[PDB]
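S.K.: Below is one structure. I have some questions about it.
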Amino acid sequence: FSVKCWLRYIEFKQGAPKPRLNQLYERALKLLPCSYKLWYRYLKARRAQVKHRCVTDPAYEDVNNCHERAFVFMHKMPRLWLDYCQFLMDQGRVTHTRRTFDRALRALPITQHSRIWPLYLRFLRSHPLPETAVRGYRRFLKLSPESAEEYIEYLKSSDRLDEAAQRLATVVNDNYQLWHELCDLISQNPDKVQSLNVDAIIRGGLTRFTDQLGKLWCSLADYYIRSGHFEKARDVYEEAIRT
Amino acid sequence: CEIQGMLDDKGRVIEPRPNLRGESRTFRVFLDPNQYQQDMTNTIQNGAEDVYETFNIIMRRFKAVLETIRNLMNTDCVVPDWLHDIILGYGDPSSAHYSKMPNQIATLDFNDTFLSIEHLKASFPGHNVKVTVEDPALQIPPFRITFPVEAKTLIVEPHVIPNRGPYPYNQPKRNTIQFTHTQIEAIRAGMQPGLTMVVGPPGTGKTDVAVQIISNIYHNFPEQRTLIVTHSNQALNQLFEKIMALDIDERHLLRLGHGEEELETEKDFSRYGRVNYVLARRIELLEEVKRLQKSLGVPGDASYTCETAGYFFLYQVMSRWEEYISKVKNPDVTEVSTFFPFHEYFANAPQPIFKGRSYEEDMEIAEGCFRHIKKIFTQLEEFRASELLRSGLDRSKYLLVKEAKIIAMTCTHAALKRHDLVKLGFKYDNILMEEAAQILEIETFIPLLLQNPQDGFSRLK
């Protein structure tokens with residue numbers, strides 16, 4: 001029951017490393033997980049050894065090693081998983097994201113939040129389904145008022161204004177308000193010049209957050225150079241003179 | 001005056017009335033939501049005389065409609081582009097159906113109506129039934145049924161509803177009544193985008209068609225919502241009685257009413273009784289996850305709640321499950337039996353679920369048991385709202401707006417309490433309704449304002 005002999009059987013295991021990993025997981029989950037560093041360095045050296053071969057059986061044996069090293073749960077089958085998610089990012093197949101997300105959440109801590117959410121970010125690239133779907137599920141998932149804020153600020157960077165406004169709605173329903181203002185300005189860039197979106201974003205932002213005439217006069221110049229000349233503009237500019 | 005009762009010894013309306021001393025009666029009533037609203041309008045805005053307080057006598061054997069008209073008219077009134085035209089008649093009236101909305105279900109779940117694939121081969125009499133594989137000992141599934149847009153083949157492929165663990169109690173519920181051919185076409189014309197009015201002659205089972213629609217919509221959309229609306233309470237009561245034999249969890253069922261109503265079916269869907277039953281089910285999920293924790297073999301002397309239960313599930317059960325995953329998908333019939341620490345958990349269950357002979361069958365069993373403990377943690381996710389909602393009516397609204405995808409409502413009742421429903425979760429992605437001619441045009445269009453548009457477009461499908 002010496003961790004010495006355990007690491008020795010692991011690092012002397014030759015031939016196919018599959019009996020290596022199976023007997024390793026057996027003994028390691030049999031006795032205590034004090035060999036943590038041994039199995040960790042072993043997994044890294046094994047990546048050096050087999051990373052040129054098929055990613056099927058070696059990466060499977062490694063994931064098994066990590067989940068079995070996780071006796072119950074621990075702070076390195078997760079932090080190590082965050083590193084694992086970073087490696088399992090040049091995928092070519094999103095099953096890596098799906099399965100690794102579980103390694104990130106082998107608990108439910110500050111860990112793998114910033115591994116999944118930027119993973120949704122690199123999911124939003126040319127397919128907005130995972131972006132907006134993870135946005136919805138995370139807004140209605142493990143509670144944190146900052147995650148949905150980050151979701152609005154993430155959909156702010158991709159061309160789906162509905163996802164930004166959706167996270168904004170969720171958070172305002174239940175910095176975050178200022179970030180909603182930033183996303184409102186981002187979708188209020190002068191592209192939809194029908195003169196509706198920027199004005200309504202001004203009203204919603206200046207409703208959830210209070211600026212003393214600053215953003216008010218910003219929206220004033222916007223809507224008054226976007227206003228008309230008839231009764232509509234007469235009344236709009238009069239109302240702005242009065243308010 | 002919708003009377004609750006007369007005066008008693010303690011001046012309260014009846015609900016065994018007390019010792020009725022004398023021949024006077026002073027009874028309170030409440031006719032409708034907008035009962036003290038027309039007289040309010042007359043006394044406040046038109047300054048005219050009193051109607052509800054000029055009383056003379058009482059005799060035995062509306063404004064809610066007018067308020068609904070005012071609201072629906074002065075809101076955006078953005079209707080579904082396939083039903084506003086079919087409501088104003090302008091536009092070819094064969095258009096609101098499936099064959100004229102472009103996004104037909106490519107392949108939907110035609111599961112319930114068919115329980116024998118030969119029965120389905122008969123019930124598809126004008127399409128070339130293209131059933132995938134040719135063992136009739138292998139084909140009676142909840143098949144996938146693509147009808148294409150050659151162009152008339154019923155593309156039926158087998159499917160296998162995934163496991164739920166070792167236990168033979170949750171044998172997933174499939175229908176029993178082999179509804180008609182045009183009736184299955186009714187179910188499909190309802191479950192695909194558009195409009196559908198079923199001409200149900202006496203005895204044909206329009207309510208059976210409705211139960212089929214509930215089932216098929218809960219199949220082909222796990223997330224979108226179903227408003228099942230009636231003219232009288234008979235529809236909702238009978239359709240609940242019928243769906244009591246389908247694949248619905250009682251965390252997905254709820255209703256509305258017009259005030260006081262006594263439960264017409266077997267089990268309560270009502271507000272307080274439902275919150276109480278779901279509290280009992282939450283106890284079930286808590287004790288389940290906790291005995292599963294003892295199966296995992298950790299120490300600890302006090303018990304936890306919903307939040308810690310979900311986090312602990314993802315922390316322990318998911319970790320062990322990733323271990324078993326990286327042992328099984330990295331994998332012998334020996335390890336598909338052994339390498340699951342669910343031996344102490346399914347040690348309160350029938351004989352070991354990994355049969356030790358067929359590795360893939362043992363895999364189905366193991367993933368079904370893990371997903372069953374995940375459904376324990378998932379009903380814990382649902383009881384998050386039961387533990388976050390403070391009151392009985394509060395938890396009713398929370399559990400109907402959040403998870404209950406099937407809300408059964410009455411016509412005048414929902415026309416009266418639509419605003420509260422809009423504000424606290426009126427989700428109308430699909431409508432299933434009964435007693436069609438038993439309503440009016442008003443009681444058919446007043447529900448059309450249960451919401452506000454979604455970036456210039458309505459919630460209807």
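For the structure tokens, the naming scheme is as follows: chains receive sequential letters (A, B, ...) according to their order of presentation, residues are indexed from 1 within each chain, and ligands are indexed from 1 in presentation order.
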Per residue of chain A within 7 Å of chain B, which atom pair is closest and at what distance in Å (one decimal), using only C-alpha atoms, listed by chain and increasing number, as a Markdown table?

M.R.:
| residue | atom | partner | partner_atom | distance |
| --- | --- | --- | --- | --- |
| A:56 | CA | B:330 | CA | 6.7 |
| A:57 | CA | B:330 | CA | 5.3 |
| A:60 | CA | B:330 | CA | 4.2 |
| A:61 | CA | B:330 | CA | 6.1 |
| A:63 | CA | B:326 | CA | 5.5 |
| A:64 | CA | B:326 | CA | 4.2 |
| A:67 | CA | B:323 | CA | 4.2 |
| A:68 | CA | B:323 | CA | 5.3 |
| A:72 | CA | B:316 | CA | 5.9 |
| A:73 | CA | B:316 | CA | 6.0 |
| A:105 | CA | B:314 | CA | 6.7 |
| A:106 | CA | B:319 | CA | 4.9 |
| A:107 | CA | B:315 | CA | 3.2 |
| A:108 | CA | B:311 | CA | 5.4 |

S.K.: Taking the DSSP secondary structure from the backbone, can you list the residues of stretch 50-213 of chain B that are strand (DSSP E or B), as a ChimeraX atom specification?

M.R.: /B:108-109,128-131,144-146,153-157

S.K.: Go ahead and save the residues from that selection, with N, CA and C atoms, as a short mmCIF file (atom, residue, chain, number, x, y, z; two decimals), in the first residue's frame.

M.R.:
data_model
loop_
_atom_site.label_atom_id
_atom_site.label_comp_id
_atom_site.auth_asym_id
_atom_site.auth_seq_id
_atom_site.Cartn_x
_atom_site.Cartn_y
_atom_site.Cartn_z
N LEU B 108 -41.76 14.43 -36.84
CA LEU B 108 -42.33 14.66 -35.52
C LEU B 108 -42.51 13.35 -34.78
N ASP B 109 -42.99 13.45 -33.55
CA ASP B 109 -43.29 12.29 -32.71
C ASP B 109 -44.77 11.99 -32.87
N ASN B 128 -47.08 6.01 -48.94
CA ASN B 128 -46.24 4.81 -49.01
C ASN B 128 -45.43 4.73 -47.72
N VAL B 129 -45.82 3.83 -46.83
CA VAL B 129 -45.22 3.75 -45.50
C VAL B 129 -43.80 3.21 -45.64
N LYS B 130 -42.81 4.10 -45.55
CA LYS B 130 -41.41 3.73 -45.62
C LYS B 130 -40.92 3.49 -44.20
N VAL B 131 -41.10 2.27 -43.70
CA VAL B 131 -40.61 1.88 -42.38
C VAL B 131 -39.19 1.35 -42.55
N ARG B 144 -40.45 7.75 -35.70
CA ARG B 144 -40.33 9.07 -36.32
C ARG B 144 -40.99 9.04 -37.69
N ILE B 145 -41.89 9.99 -37.95
CA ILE B 145 -42.80 9.92 -39.09
C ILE B 145 -42.68 11.22 -39.87
N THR B 146 -41.82 11.23 -40.88
CA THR B 146 -41.61 12.37 -41.76
C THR B 146 -42.59 12.31 -42.92
N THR B 153 -44.55 9.63 -49.19
CA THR B 153 -44.15 8.48 -48.40
C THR B 153 -44.19 8.86 -46.92
N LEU B 154 -44.68 7.95 -46.09
CA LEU B 154 -44.72 8.15 -44.65
C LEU B 154 -43.41 7.59 -44.08
N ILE B 155 -42.42 8.46 -43.89
CA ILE B 155 -41.08 8.02 -43.54
C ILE B 155 -41.05 7.68 -42.06
N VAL B 156 -41.30 6.41 -41.73
CA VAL B 156 -41.36 5.93 -40.36
C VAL B 156 -40.05 5.20 -40.09
N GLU B 157 -39.33 5.67 -39.10
CA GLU B 157 -38.11 5.05 -38.62
C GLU B 157 -38.28 4.64 -37.16
#

S.K.: With a distance cut-off of 12 Å and only C-alpha atoms, select the neighbouring residues of residue A:141, excluding the residue or stretch itself and same-chain residues fewer than 4 positions from it, and output the selection as a PyMOL selection string.

M.R.: (chain A and resi 108+113+133-137+145+147-148+170) or (chain B and resi 307+310-311+378+381-382+384-385)

S.K.: Which residues are close to residue B:344, i.e. within 9 Å by only C-alpha atoms, leaving aside same-chain residues fewer than 3 positions away? Reply as a PDB file with C-alpha atoms, in the first residue's frame.

M.R.:
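Listing of selection12.pdb after writing:
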ATOM      1  CA  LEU B 292     -28.081   8.265  -2.506  1.00  0.00           C
ATOM      2  CA  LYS B 294     -25.448   7.471   2.094  1.00  0.00           C
ATOM      3  CA  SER B 295     -24.937   5.140  -0.876  1.00  0.00           C
ATOM      4  CA  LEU B 296     -21.942   7.299  -1.809  1.00  0.00           C
ATOM      5  CA  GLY B 297     -20.808   6.717   1.793  1.00  0.00           C
ATOM      6  CA  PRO B 341     -20.819   2.873  -7.199  1.00  0.00           C
ATOM      7  CA  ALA B 347     -29.238  -1.922  -3.639  1.00  0.00           C
ATOM      8  CA  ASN B 348     -32.752  -0.639  -2.900  1.00  0.00           C
TER       9      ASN B 348
END

S.K.: For stretch 241-243 of chain B, list every protein, DNA or RNA residue within 7 Å, evaluated using only C-alpha atoms, and leave out those in the same chain fewer than 5 positions away; present the list as a list in words.

M.R.: residues 211, 265 and 266 of chain B

S.K.: Quick one, how far is atom CA of residue B:159 from atom CA of residue B:118?

M.R.: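 One can read the atom CA of residue B:159 to atom CA of residue B:118 distance as 15.7 Å.
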
S.K.: In Å, how far is it from atom CA of residue B:12 to atom CA of residue B:27?

M.R.: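 Atom CA of residue B:27 lies at a distance of 8.3 Å from atom CA of residue B:12.
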